[PDB]
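These are the residues of each chain, in order.
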Amino acid sequence: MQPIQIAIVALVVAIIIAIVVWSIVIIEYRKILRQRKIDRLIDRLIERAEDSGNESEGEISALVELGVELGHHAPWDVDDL
């Protein structure tokens, strides 16, 4: 009378979404989304200047590995979750 299934892969997939789905709860409290505050970020860019600029990406992360590798420990762990 033991249970049987084609594969346990579906179960594992189910576990992943649980972690992703509950991650919002862990990082963000149900009582307050606080997410809408982030959406105001766009308005600030406009306030700072109509023409966006003074920003960079990719290159910045280039030095991160050098600093993190050199450093014994950094805020960002090996697990990117």
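Cut-offs applied
- Residues numbered from 1 in each chain as written, not as in the entry; some residues may be left out.
- Heavy atoms only, no water.
- UniProt positions renumbered as here; feature names shortened; annotations may be inferred.
- Helix = DSSP H or I, 4+ residues; strand = E, 2+ residues; numbered from the N terminus.
- Expected span 1.5 Å × (residues − 1).
- Buried < 20%, exposed > 50% of the residue type's maximum accessible area, 1.4 Å probe, protein only.
- Salt bridge = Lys/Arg side-chain N within 4 Å of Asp/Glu carboxyl O.
- Contact = heavy atoms within 4.5 Å.

The PDB entry lists the protein chain under the name Protein Vpu, with Human immunodeficiency virus 1 given as the organism. The title attached to this entry in the PDB is "Solid-state NMR structure of Vpu". What UniProt records for the protein chain under Subcellular location is the sentence "Host membrane".

A. Quick peek at helix α4 (residues 59–70). Here α4 contains twelve residues, and its C-alpha end-to-end distance of 18 Å stays within 8% of the 16 Å for a straight helix at 1.5 Å per residue. Burial within α4 is sparse, with just zero of its twelve residues counted as buried.

B. Local environment of the pattern of salt bridges. Throughout the structure, instances matching the rule amount to one salt bridge. Across the pair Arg34 and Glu28 runs a salt bridge whose closest N-O atoms are separated by 3.5 Å. Taking the relative accessible area as the measure of exposure, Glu28 reaches 7% and is therefore buried.

C. Fine view of the UniProt feature "transmembrane region" in the protein chain. Following the UniProt record, one finds the feature "transmembrane region" at residues 7–27. Secondary structure within residues 7–27 divides into 90% helix and 0% strand; the distance between the first and last C-alpha atoms comes to 32 Å.

D. How the structure looks around the side chain of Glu28. Residue position: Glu28 is located in the loop between α1 (9–27) and α2 (35–39). Here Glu28 is in contact with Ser23, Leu33 and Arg34, once residues within four sequence places are set aside.

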